[PDB]
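Heads up, the chain below is alone and in the form deposited in one PDB entry; it's given as structure tokens.
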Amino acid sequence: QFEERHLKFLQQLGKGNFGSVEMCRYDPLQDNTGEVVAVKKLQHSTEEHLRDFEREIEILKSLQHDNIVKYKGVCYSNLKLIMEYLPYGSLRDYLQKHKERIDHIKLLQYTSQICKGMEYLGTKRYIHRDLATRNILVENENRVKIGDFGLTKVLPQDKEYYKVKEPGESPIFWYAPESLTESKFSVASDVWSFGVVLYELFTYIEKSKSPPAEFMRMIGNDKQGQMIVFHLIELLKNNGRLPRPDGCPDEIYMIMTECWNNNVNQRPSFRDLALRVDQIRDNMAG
């Protein structure tokens, strides 16, 4: 539906996994009245990555929710995914730049919207596998959207988990234990990663407080490569956990820690997380 020749490059926005996203103007009348859109492409096209990308596109096309980035279409010559452009960029960058202006009530509004977008995903038996603030986008001051689905899988019909081990860089510092040890991904592992997203938000993305920096400090920074994952596994098994962020209330920390349960079946559901967060937001209005 979108023709290559009318897509004008404006800037690179970011890179992630094996994808790249650009700001472009789609201007088929060539009178500079077209809309700005976001365009996702493969950094390096292979046959493997293209088939994954096609599935990614079909996944996003299938999702319609206030807190999920909107699909607009595709562009063929090398496949490109065209999405709505959200002008405040990624939540990771936004939070960092505006920390002095974003309060806890606002972080909890973002948290609630993330939970609802995630509950909608589970409704379609989709496992996100990559929840992190870098993957959430800001539409305006009062609304975020889950903004990338690069690693998202559909559960098989007969199982509540999906086993996968991709080559490359895995975001191991957001992973549930059973994802690290067994390569199992489920709604419950997404709940684990949501807890890390919640941790991220309450750190306001202070660099020295990122999950990689805190876990690497807990493991020892002398560790390289293959030994990191092994020491991370042992840490989590021994109930090593990210600390409570500066300023975070106990009740918000308890949500995180409950998400970070080694027992996959004892982690809360996305519907219950939303309820609890919304109840805490309501208790801050009075």
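We call the rigid core the largest set of C-alpha positions that still match within 1.5 Å between the two forms. We number the residues from 1 along the sequence you see.
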Original post:
Hey, does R129 show up as a hole in at least a third of the other compared models?
Top reply: no
Original post:
Counting only other entries that model residues on either side of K145, is it left out in at least a third?
Top reply: no
Original post:
Does the deposited sequence hold unmodelled residues between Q157 and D158, and if so, how many: none, 1 to 3, 4 to 9, or 10 or more?
Top reply: none
Original post:
Out of 137-145 and 188-196, which one has CA B-factors that are higher on average in the deposited record?
Top reply: 137-145
Original post:
Taking only the CA atoms, which stretch has the higher mean B-factor in the record, 230-238 or 247-255?
Top reply: 230-238
Subject >> Given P211, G150, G168, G122, the residue at which the Cα B factor reaches its maximum >> reply: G168
Original post:
Out of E56, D31, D66, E35, which residue has the highest Cα temperature factor in the PDB record?
Top reply: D31
**OP:** Pull the Cα B-factor of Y71 out of the PDB entry and bin it into the chain's lowest, middle or highest third.
**Re:** middle
Subject >> Ranked against its chain, the third holding the CA B-factor of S112 >> reply: lowest
Subject >> Third assignment of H104 from its chain's C-alpha B-factors >> reply: middle
Original post:
When the modelled residues of the chain are sorted by Cα temperature factor, does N17 land in the lowest, middle or highest third?
Top reply: highest
Original post:
So where's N78 on the chain's Cα temperature factor ranking, which third?
Top reply: highest
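Not pictured, yet referred to below: the form deposited in another entry.
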**OP:** Identify which of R217, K237, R51, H44 has its C-alpha displaced by 2 Å or more between this form and the one not shown once the rigid core is superposed.
**Re:** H44
**OP:** Please say whether, between this form and the one not shown, the C-alpha of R271 moves by 2 Å or more once the core is aligned.
**Re:** no
Original post:
Once everything's superposed on the core, is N262 shifted 2 Å or more at the Cα between this form and the one not shown?
Top reply: no
